[PDB]
Amino acid sequence: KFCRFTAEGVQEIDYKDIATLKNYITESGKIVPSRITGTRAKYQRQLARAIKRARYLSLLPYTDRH
Amino acid sequence: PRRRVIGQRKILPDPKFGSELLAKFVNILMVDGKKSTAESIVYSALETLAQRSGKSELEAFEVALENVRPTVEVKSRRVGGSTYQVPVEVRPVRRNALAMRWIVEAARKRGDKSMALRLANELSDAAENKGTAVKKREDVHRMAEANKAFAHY
Amino acid sequence: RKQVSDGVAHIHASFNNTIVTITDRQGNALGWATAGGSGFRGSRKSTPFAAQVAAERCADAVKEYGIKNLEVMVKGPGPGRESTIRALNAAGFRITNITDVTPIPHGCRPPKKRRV
Amino acid sequence: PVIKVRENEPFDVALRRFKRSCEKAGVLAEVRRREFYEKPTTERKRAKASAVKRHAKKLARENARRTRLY
RNA sequence: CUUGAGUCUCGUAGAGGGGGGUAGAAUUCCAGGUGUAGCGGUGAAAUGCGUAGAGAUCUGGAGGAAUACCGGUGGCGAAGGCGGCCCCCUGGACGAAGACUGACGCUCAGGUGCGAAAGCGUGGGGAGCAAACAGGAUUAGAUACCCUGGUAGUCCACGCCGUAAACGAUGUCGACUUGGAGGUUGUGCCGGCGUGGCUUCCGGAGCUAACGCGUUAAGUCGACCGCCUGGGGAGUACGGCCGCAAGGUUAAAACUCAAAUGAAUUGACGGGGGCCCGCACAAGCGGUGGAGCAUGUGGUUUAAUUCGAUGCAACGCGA
Ligand SMILES: [Mg+2]
Ligand SMILES: [Mg+2]
Ligand SMILES: [Mg+2]
Ligand SMILES: [Mg+2]
Ligand SMILES: [Mg+2]
Ligand SMILES: [Mg+2]
Ligand SMILES: [Mg+2]
Ligand SMILES: [Mg+2]
Ligand SMILES: [Mg+2]
Ligand SMILES: [Mg+2]
Ligand SMILES: [Mg+2]
Ligand SMILES: [Mg+2]
Ligand SMILES: [Mg+2]
Ligand SMILES: [Mg+2]
Ligand SMILES: [Mg+2]
Ligand SMILES: [Mg+2]
Ligand SMILES: [Mg+2]
Ligand SMILES: [Mg+2]
Ligand SMILES: [Mg+2]
Ligand SMILES: [Mg+2]
């Protein structure tokens, strides 16, 4: 568990933080459910939003079969 | 059955060669509880079978069995109305039993005169894969190999 | 006639049949084999065993190309996804990568459910 | 699911890693789920019913632990 | 007058709405490469596609539609509904500290607006799916289920339609009345202690025909509105209004029955589930059904062919 965003006092997950984002995507690029990462629902919605900004900018992939 | 309270029944070895394998052969040959009548047929054919191949009484009978013993057979299992033939390995006790039955049923459908002669000719054709007892072992194998794709439930 | 020694095996394992295509690295097919063309029809065609045989035949077909190292792409839901891969390794190739490439829409409306 | 066979790794455990790798992304599970069109009135119905049983199994497992069978 | 109602200041969450733009996966089609005999589909097949080179694989392009994962008995909205990402325009809710107005409130027949999908009109578009339709099966038949195709439609703009199991089968507003476990979104203080909004489940008293509801009541009350008066005939006919139509709405009677109905109980049954058993299957051996004869029965005949048993459980049975 242990939603890491509540502990670090974040306000926005900042899609440009690809180093952080990659801890929340699967080997195939799929976002990881909050049942597994223990993220609070509020930040999971920002995280899922931020991943989709990165995928558009090609900072993160949609899939491993591009 | 559902319960499985089945224990095996002890079968006496034959009067001559002390072979329990031949004793079950006589029982399979026996008709209407005439064990003495069938022992004479089995012994007379084995007296002929030995002198015709020179090998022996028992291992001339054994070499015919190894050419008729089946290794894998098919059991029907219904899934969706159409029956699936599922090949299954034959356990060792059934392999001897199946070879013995196919030999006896082969000799009963022959044109030879005496059943002792009918069996003696049939055992010999089993020795070099010429008989209809060996034919059915091939048929059982081809059916099992044809359905080899279904080797699971 | 040509030698390659590095190819890709594309397995198309659907519910009804499996197709084994061995290509070069650029996508130019060399030989292929199918469960249906390997002596199996109907129920026997959709079995994992039929996939294994179709794998051996394709390995038996592309033997005049001298492939040694083989990538594997598995596409489809079929029961021949796994047996085909094992039959290629047993056939004598060096399996380098095993990749599932099954198409997943992120698309079009599927057909209607069967009322059977 | 990309898997790379590593040195001194036999085929069996490399293939097995492919079993786990595909199952983890469940590429086979959504393949079935997309094979036929599923109306929005039934996907809401299955989702709702799946939650009900998951809650119902929690209450059953909880209340059993206070009950002895012998 | 300030407690109901509302205004202002700061912020929070949100698939709320409308307009535009863009992304990636996949399908389909078009062209080309490699390559060879099948593919596809089913319970099984065939129709169908393929040696005029398919299917598989790869490269490039066109196009339309929907947005995997996140995703959650999560959120937003009056309801219908709303899901990639970005911008623009815009609605509501909520919280904390006050300030402000001063009963400005609640409900609402008629009226007005919104209202899934299908459908309709005009003009576009059209990948996938798919009423109608065609063929192949299945079948006693099969105007179906299944398969191969496939047109309206589904998509967009504008206008109509105005109905749904439009459901929580539960009108709206307000007050009061034990608890527990959650989810979601604020916020004060020091992971803990509060305080608000919304929401899910269990349950107490009470209520209920019962099932159940239970601070989000189907409990205790108040205000207003809508509706019901046995089943069928019938939400039908006629009339009026509305609609391009399809039809919507308002809404009978003759006649007919003595019930129709709700909930729960005990069985029985299920081509429901689970767990067991039996020459029930399976594994085997020998039979019957064919022949001749014995014997019983049926039918027919006869003056009479005595009467009785006549699915399993009558028929070498009373005998
Ligand atoms: Mg289909
Ligand atoms: Mg305002
Ligand atoms: Mg009102
Ligand atoms: Mg009104
Ligand atoms: Mg419509
Ligand atoms: Mg139209
Ligand atoms: Mg038009
Ligand atoms: Mg169809
Ligand atoms: Mg209505
Ligand atoms: Mg609804
Ligand atoms: Mg509902
Ligand atoms: Mg109603
Ligand atoms: Mg309750
Ligand atoms: Mg009417
Ligand atoms: Mg009218
Ligand atoms: Mg039997
Ligand atoms: Mg007879
Ligand atoms: Mg009589
Ligand atoms: Mg009487
Ligand atoms: Mg009588």
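Here is how names work: the chains are called A, B, and so on, in the same order as the sequence lines, proteins then strands, and each is numbered from 1.
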>> List the residues meeting ring pair (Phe, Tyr, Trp, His ring centres under 6.0 Å) with A:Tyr56, not counting sequence neighbours, and say none if there are none.
In response: none
Measure the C1'-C2'-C3'-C4' torsion in the sugar of [N], then label it north if positive and south if negative.
N	result
E:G239	north
E:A103	south
E:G74	north

Considering only [options], which nucleotide approaches the side chain of [X] most closely?
X	options	answer
A:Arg45	E:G14, E:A44, E:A56	E:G14
A:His66	E:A25, E:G41, E:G38	E:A25
A:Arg40	E:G40, E:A56, E:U185	E:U185
A:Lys52	E:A56, E:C69, E:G278	E:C69
D:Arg34	E:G55, E:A68, E:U73	E:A68
C:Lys45	E:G40, E:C129, E:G33	E:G40
C:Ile19	E:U185, E:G55, E:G278	E:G55
D:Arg54	E:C86, E:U73, E:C146	E:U73
C:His12	E:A37, E:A25, E:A56	E:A56
C:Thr34	E:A280, E:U42, E:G38	E:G38

>> Just checking: do E:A263 and E:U301 form a pair, Watson-Crick or wobble, with both of the defining distances under 3.5 Å?
In response: no
> Between C:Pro48 and C:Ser83, what is the shortest heavy-atom contact and its length?
Replying inline: O-OG, 2.6 Å
>> Looking at every non-hydrogen atom in both residues, tell me the closest pair between B:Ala38 and B:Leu29 and how far apart they are.
In response: O-CD2, 3.7 Å
What does [X] touch in the nucleic acid at a heavy-atom separation under 4.0 angstrom: a base, only the sugar-phosphate, or nothing?
X	answer
C:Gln26	sugar-phosphate
C:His10	sugar-phosphate
B:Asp32	nothing

>> Below 30° counts as parallel, above 60° as perpendicular, anything between as tilted: where do the rings of A:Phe5 and A:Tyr43 land?
In response: tilted
>> Ignoring hydrogens and geometry beyond distance, is the side chain of A:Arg55 in donor-acceptor contact with the base of E:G84 at under 3.5 Å?
In response: no
> Can you find an N or O donor on one side and an acceptor on the other, under 3.5 Å apart, linking the side chain of C:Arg41 with the base of E:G40?
Replying inline: yes
>> So that I can tick it off, tell me whether B:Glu39 and B:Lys16 are bridged by a salt bridge, with the cut-off set at under 4.0 angstrom between side-chain N and carboxylate O.
In response: no
>> Measuring only the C1' atom in each nucleotide, how far is E:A164 from E:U229? A whole number of Å is fine.
In response: 27 Å
> Is E:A237 paired to anything, Watson-Crick or G-U wobble with both distances less than 3.5 Å, and if yes, which nucleotide?
Replying inline: none
> 5'-most contact on RNA chain E: A:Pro61 or A:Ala41, nearest heavy atom basis?
Replying inline: A:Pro61
